[PDB]
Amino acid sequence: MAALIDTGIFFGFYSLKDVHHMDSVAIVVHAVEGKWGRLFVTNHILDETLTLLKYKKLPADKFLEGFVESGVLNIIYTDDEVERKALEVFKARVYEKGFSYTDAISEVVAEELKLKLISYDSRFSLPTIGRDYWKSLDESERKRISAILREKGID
């Protein structure tokens, strides 16, 4: 039906030496091919991703053109009621390492809109898609995706 895609997916896609790089290539190919239906980010994920890609000297410009300007991703602009709940979640987890306000927003939004959460972050309270994605595919599917990667020059 619909998915919410976490920052780390996009980071893995552009960061060539990242441990999740092939995970991200495969997830991105499947996502744009429609595997999980309509694709969302929150405006918090959007901010985090743009800022991080730019900070890490990665193709923020290509992310913009390819994912955002293309309308490949739909953006959810979170209102005061979503953020009030996210703040409660954030406060509850304030002492837990590595749980951001972005993540708090992601949990509220994915739960309220019944979105599949695509993320490498193993700390979410909702099940996620992403970990060991590349290694879980058919060998034939790997070959197909690898061909797309090097031939069509995605990245």
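The first residue of the sequence shown is number 1, and the count goes up from there.
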| property | result |
| --- | --- |
| 46-54 set against 113-121, stretch whose average Cα temperature factor tops the other in the entry | 113-121 |
| 32-40 set against 87-95, stretch whose average Cα temperature factor tops the other in the entry | 32-40 |
| Where the record places residue 137 (Cα B-factor, split into thirds across the chain) | highest |
| Modelled-residue ranking by C-alpha temperature factor, third containing residue 76 | lowest |
| Third of chain Cα B-factors occupied by residue 9 | lowest |
| Chain third (lowest, middle, highest) by recorded CA B-factor, residue given as residue 68 | highest |
